[PDB]
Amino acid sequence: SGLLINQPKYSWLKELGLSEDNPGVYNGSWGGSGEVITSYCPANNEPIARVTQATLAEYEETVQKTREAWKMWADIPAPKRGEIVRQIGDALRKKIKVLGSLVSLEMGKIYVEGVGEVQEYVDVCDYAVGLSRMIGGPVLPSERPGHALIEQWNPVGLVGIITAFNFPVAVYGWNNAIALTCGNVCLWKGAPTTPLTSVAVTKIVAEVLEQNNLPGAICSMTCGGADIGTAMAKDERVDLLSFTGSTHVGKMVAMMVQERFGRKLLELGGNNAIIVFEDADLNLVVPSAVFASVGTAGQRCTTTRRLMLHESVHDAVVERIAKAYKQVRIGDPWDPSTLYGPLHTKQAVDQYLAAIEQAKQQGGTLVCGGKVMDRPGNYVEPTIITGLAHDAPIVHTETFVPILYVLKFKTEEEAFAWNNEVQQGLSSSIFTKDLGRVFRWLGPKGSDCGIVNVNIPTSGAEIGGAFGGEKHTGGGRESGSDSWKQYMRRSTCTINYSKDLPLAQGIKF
């Protein structure tokens, strides 16, 4: 019976500036006349509302308006750009509950995590305000008398941002706050299945830009599929392409960007491992493992996919994790009791079922889960599988679903090697009390991941540090440390200010 938005139960969606049909293009003015997409709530498969995506011609026009906006934007001092970013942070803060609710409704993650995602954007904005007075390179001492030597950083220009479904607000945010602070203009193509969240966020940002008499095209949005995404990847006018998504798609995009010598920031797949040693605090391990695997229905890029247990504690730990799995409250994402919601799409359910099959075929035993739940929505049981070899093809594959593969190990050398043997390289954790092991894990013969944690799971990450992975995860970094450098171009500048002339070396002038 109709779109959710038309029902009174859902009229809070109107506070986000959303309607039955929504324009999917913003570039200072709203529009869009491409394919009309209908966004479904994964909790009950009911349609929420529609978004009209961009045509290539509308993308084309958006890039021109963006390029033009950059001209005036790049001329605004960085601390003054930070003032804009600060206000974006505040505008978001005001709408945190309803925006969090939309994320929960459209993506499927629990309400508190929807709110948490909005907070990530808010917090990275405040961080960026700090950076706006800091970004730059060293003044260096030249070897030449009467010469100044400085390292300059400047905006790359336009930052294209392609994001994944699972974090429809935060990923954009992490990129937006930094890119803006760095004097760039953004163009955003969110995941096709979360266009309402894209529009809602763009609405909040657009209003701030407009309050401040700035061209709206500084933060443009064009919703669409591979369609538009490919155009961005091939577009010479896109100075930096930030891609967050599958490692399969990322590769296609990377190759296209490389082809035209563009800059890229790649945030791709993970196959994240928790390694539990004999001396680990098991009272810490068990809840850590559960929440890291089960959270967001196994749909964070940082979700634990591989749990390696030392032979001495293997059977005891598995059983305890299994006892916890039984108490994982599955239900409506809006319900404060719910810890675990639906998978994002029906295709996701199919991957889940297929991965279950392959696991069995490869010698896996199901400890629990494995079945599609008999109810509205894309609900599947959180699954634990023991018995597979460390290099079973399915274990080496990222399947974006709540399945946890349990591995049994003996030596430290083994576990470390198995952690590293896969093609992904996002996140990693060991649980241990051993001082030497901690630093070995952190050193050159330890983990090969971008995130390397000790006694905290694979999803433990904060704004202050650089976020991203290695190998097939793509190399890119977001948010903390000197991540900003990816959004700017370095120039090594020598200024001769002396009256000294170069040696004539035999020639008369």
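Sequential numbering from 1, following the sequence displayed.
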* Out of 437 to 445 and 55 to 63, which stretch has the higher average CA B-factor listed in the record? -> 55 to 63
* Mean CA B-factor: is it higher for 325 to 333 or for 280 to 288? -> 325 to 333
* To do: Please pick out which of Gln424, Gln358, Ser142, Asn184 has the largest Cα B-factor as recorded in the entry.
  => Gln358
* Between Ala170, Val129, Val318, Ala78, which carries the biggest CA temperature factor in the record? -> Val318
* **Relative C-alpha B-factor of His314, binned into the chain's lowest, middle or highest third** => highest
* Asked: For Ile135, does the deposited CA B-factor place it in the lowest, middle or highest third of the chain?
  -> lowest
* Structure fact -> Quick tally, chain-level thirds of C-alpha B-factors: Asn453 sits in the lowest
* If you rank the chain by CA B-factor, which third does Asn27 end up in: lowest, middle or highest? -> middle
* Compare the C-alpha B factor of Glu412 with those of the other modelled residues in its chain, then answer lowest, middle or highest third. => highest
